Amino acid sequence: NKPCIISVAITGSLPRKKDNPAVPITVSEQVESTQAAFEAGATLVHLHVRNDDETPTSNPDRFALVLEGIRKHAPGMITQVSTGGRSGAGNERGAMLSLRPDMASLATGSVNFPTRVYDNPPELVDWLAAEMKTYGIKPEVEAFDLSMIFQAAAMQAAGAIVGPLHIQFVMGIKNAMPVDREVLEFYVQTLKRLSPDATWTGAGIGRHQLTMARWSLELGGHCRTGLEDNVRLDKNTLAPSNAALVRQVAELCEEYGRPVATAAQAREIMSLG
Amino acid sequence: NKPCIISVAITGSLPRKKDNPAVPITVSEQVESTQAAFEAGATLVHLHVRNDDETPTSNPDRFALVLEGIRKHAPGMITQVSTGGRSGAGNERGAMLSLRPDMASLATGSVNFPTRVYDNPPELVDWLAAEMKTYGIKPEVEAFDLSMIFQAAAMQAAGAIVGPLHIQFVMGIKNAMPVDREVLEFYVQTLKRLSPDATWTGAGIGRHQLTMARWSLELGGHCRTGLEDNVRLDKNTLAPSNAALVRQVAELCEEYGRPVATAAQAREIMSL
Ligand SMILES: [Zn+2]
Ligand SMILES: [Zn+2]
């Protein structure tokens with residue numbers, strides 16, 4: 001009965017045109033892919049930007065052009081910029097925050113990724129959180145491991161994160177946290193114990209994208225999909241668009257009796273302006 | 001009345017003589033501190049080595065001298081070398097594995113530490129484990145976070161780690177996993193689900209050293225103490241030796257009705 005927010009991670013930093021031509025790279029491609037996903041039921045856009053040669057970038061000018069197009073073509077949709085980056089990258093990872101999006105991703109710890117370490121030094125975590133506060137941005141805590149939930153709660157208690165927490169439990173990444181029902185249940189129980197008014201989203205990478213969406217719907221959480229996490233619609237078929245992946249989650253919403261949240265409902269659930 | 005193994009982390013990479021003069025730095029100091037801890041009830045020694053100026057090092061020649069002294073002065077004691085190191089350090093973190101100690105520490109993931117990231121690249125984790133498998137070394141998985149238990153179980157299933165797993169649940173480090181009873185209980189439940197024949201040790205830093213020892217004794221695990229994790233006997237007093245910290249844990253073992261394991265019993269429990 002409770003509405004479900006559908007987040008759409010459109011691009012990411014790894015997916016290329018060779019993996020799936022549906023992956024939006026240019027400003028026009030990202031705006032059109034977001035609008036189609038918004039019309040399919042998505043109310044939150046998780047945004048990574050790319051250079052013309054498909055290489056990842058934190059370029060604030062590229063972010064500004066895409067955010068402007070999203071506000072015009074998908075009105076009311078929650079904008080969420082990514083603060084992800086390579087190992088060794090510092091303040092550059094939060095150079096787009098002054099554009100004042102609705103939200104921004106915040107990894108509160110470090111974790112192993114498939115080929116490298118996803119480095120998030122404590123000094124960088126503190127700086128990114130302080131910048132989001134300065135520009136009135138609501139953080140989305142990216143919890144790639146258990147300790148990151150404790151770090152998020154300790155930061156909220158100290159006043160480093162303002163208002164109710166929104167945390168994303170990420171599962172299915174090689175060398176990080178695998179997709180596990182008992183761990184997700186413990187994640188929710190731990191979040192409830194540390195931060196009772198917090199909201200959460202379950203996120204699955206690859207073939208476990210729909211599995212994490214089903215579990216999130218059952219456990220009273222919210223959903224995330226998109227080409228950033230998975231380029232396949234099923235084992236044999238590539239996803240023709242981000243909107244096609246949003247439709248899969250929207251279909252699961254009707255199956256579990258939870259209505260797809262509107263833009264106004266999504267902002268209310270996560271206590272946004 | 002299951003026996004309890006007492007591990008002693010004698011030096012570490014951070015504690016200095018200015019923090020506590022009981023911290024063993026030289027080869028002679030580390031051998032005599034280990035022998036005293038062994039006579040106090042410790043059957044496993046977690047070993048870090050230092051340069052003469054107290055700076056941390058992975059020097060295999062320094063490790064060889066200390067391991068030789070431990071084998072002579074503490075016969076039967078399980079030897080465990082540390083493979084810890086700074087960010088950017090590669091295979092040199094496992095340059096002492098050829099010395100064939102009984103055991104070696106193995107962080108199976110990366111985690112945030114108080115001032116930096118404790119980097120453990122996947123390629124380094126694989127290389128360290130393969131070196132331990134080559135030299136017949138039983139790894140001690142250092143679980144600073146939940147995913148490291150899953151990584152350890154996946155490595156054992158693939159054959160990267162041989163025999164029953166031994167995992168150490170580390171709590172109390174700033175920016176890593178805080179001291180929490182419910183998380184430790186979930187750690188044990190998860191380990192039992194993934195690796196039913198695995199053994200485990202609970203480790204606490206600073207004030208949480210004795211807290212984790214009490215919880216490990218209650219939950220059917222093993223204990224770890226030593227100057228590497230805590231330099232104080234209590235809030236007002238510094239620990240006069242590693243043996244004094246081992247005595248605290250040995251007293252807790254009798255309090256919880258679990259006997260202090262002998263060197264032979266510790267080797268049987270570890271499947272060594
Ligand atoms: Zn992202
Ligand atoms: Zn150590």
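Every chain is numbered from 1, with letters handed out A, B, ... down the list of sequences. In what follows, every heavy atom counts, from backbone to side chain, and hydrogens, waters and symmetry copies are set aside.
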**Asked** So, B:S195 and B:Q156: side-chain donor and acceptor under 3.5 Å apart, yes or no?
**Response** yes
Any chance the side chains of A:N120 and A:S110 put a donor and an acceptor closer than 3.5 Å? no
Would B:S87 and B:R116 count as having a side-chain donor-acceptor pair, cut-off 3.5 Å? yes
So A:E54 and A:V23, do their side chains get closer than 4.5 Å, heavy atoms only? no
Got a salt bridge between B:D197 and B:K192, using NZ or NE/NH1/NH2 to carboxylate O under 4.0 Å? no
message: Please determine whether a side-chain nitrogen of the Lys or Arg among A:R62 and A:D52 lies less than 4.0 Å from a carboxylate oxygen of the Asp or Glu.
response: yes
Less than 3.5 Å apart, any donor N or O on the side chain of B:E140 or B:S105 sitting next to an acceptor on the other?
no
Could you check whether atom CG of A:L272 has more than 12 heavy atoms from other residues, nucleotides or ligands sitting under 6.0 Å from it? yes
From the list B:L146, B:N112, B:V111, side chain to side chain contact (heavy atoms under 4.5 Å, CB included) partner of A:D145 resolves to B:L146
Looking only at heavy atoms, the pair that brings B:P114 and B:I173 closest together is CD-CG2, 3.7 Å
Answer with yes or no whether the side chains of A:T201 and A:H166 bring together a donor and an acceptor at under 3.5 Å. yes
query = Have A:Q80 and A:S7 got a donor and an acceptor in their side chains that come within less than 3.5 Å?
reply = no
Is the gap between the ring centers of A:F144 and A:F113 under 6.0 Å?
-> yes
Handout entry: A:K138/A:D102 ion pair, N-O < 4.0 Å
Key = no
Is A:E29 paired with A:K17 through a side-chain N to carboxylate O contact shorter than 4.0 Å? yes
Q. With a 3.5 Å cut-off and no angle check, do the side chains of B:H48 and B:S82 form a donor-acceptor pair?
A. yes
**Prompt:** Looking at B:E185 and B:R181, does any basic side-chain N land under 4.0 Å from a carboxylate oxygen?
**Reply:** yes
**Report entry** Heavy atoms from other residues, nucleotides or ligands near CD of B:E123 exceed 12 (cutoff 6.0 Å)
**Finding:** no
*So do the side chains of A:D234 and A:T237 get within less than 4.5 Å of each other, counting heavy atoms only?*
yes
Side-chain donor-acceptor pair present, A:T55, A:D53, cut-off under 3.5 Å
yes
Nearest heavy-atom contact between A:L217 and A:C4 is CD2-SG, 3.8 Å
Practice item. Would you confirm whether B:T108, through its side chain, and B:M148, through its main-chain N or O, come within 3.5 Å as a donor-acceptor pair? Key: yes
